[PDB]
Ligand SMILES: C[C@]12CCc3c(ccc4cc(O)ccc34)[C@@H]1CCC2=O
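The chain below stands alone, shown as structure tokens; this is the form deposited without the named molecule.
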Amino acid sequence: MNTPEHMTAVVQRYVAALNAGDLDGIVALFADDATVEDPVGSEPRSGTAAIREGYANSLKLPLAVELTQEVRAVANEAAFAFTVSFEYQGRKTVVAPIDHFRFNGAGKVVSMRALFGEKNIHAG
């Protein structure tokens, strides 16, 4: 089983590499066969290649990310509240999702899912 300590560190490392625009940093956290469904309802991004590629796009503007509450972690899974802030064409946006990782035996994230809807997308 994974330790809550380890899952909580991965979540903190994820947030910090997004802030640093550290693509490798983000890719290394996932299993080779990991899936990402971000947002929930959208077509899943499968395998290292697709996931990196997704993250590059999401890194095309500068992001400011913050965990807005304690990480929750138990049984190989973790969830966390946070925000991602960015600016485009003079318009500031703040997205507030809840994300959920599942972790495999090796401590890598095999599944990521991002739940947030239009009502969790705010102005600056």
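Note that residue numbering follows the sequence shown and begins at 1.
Remark: stretch with higher mean C-alpha B factor among 43-51 and 79-87 is 43-51.
On average the C-alpha atoms of 27-35 have higher B-factors than those of the other stretch, with 92-100 and 27-35 being the two compared.
Sort the chain's modelled residues by C-alpha temperature factor and residue 106 lands in the highest third, per the entry. For residue 68, the recorded CA temperature factor ranks within the lowest third of the chain's modelled residues.
The form deposited with the named molecule bound is left out here; the points below concern that form.
The named molecule is not shown here, and in the entry with it bound it never comes within 4.5 Å of any heavy atom of residue 103. Proximity of residue 58 to the named molecule in the entry with it bound: non-hydrogen atoms within 4.5 Å are present. Contact check for residue 29: every heavy atom lies farther than 4.5 Å from the named molecule in the entry with it bound.
Among heavy atoms of residue 84, some come within 4.5 Å of the named molecule in the entry with it bound. Along 86-105, a non-hydrogen atom within 4.5 Å of the named molecule in the entry with it bound is carried by 86, 95, 97, 99, in order along the sequence.
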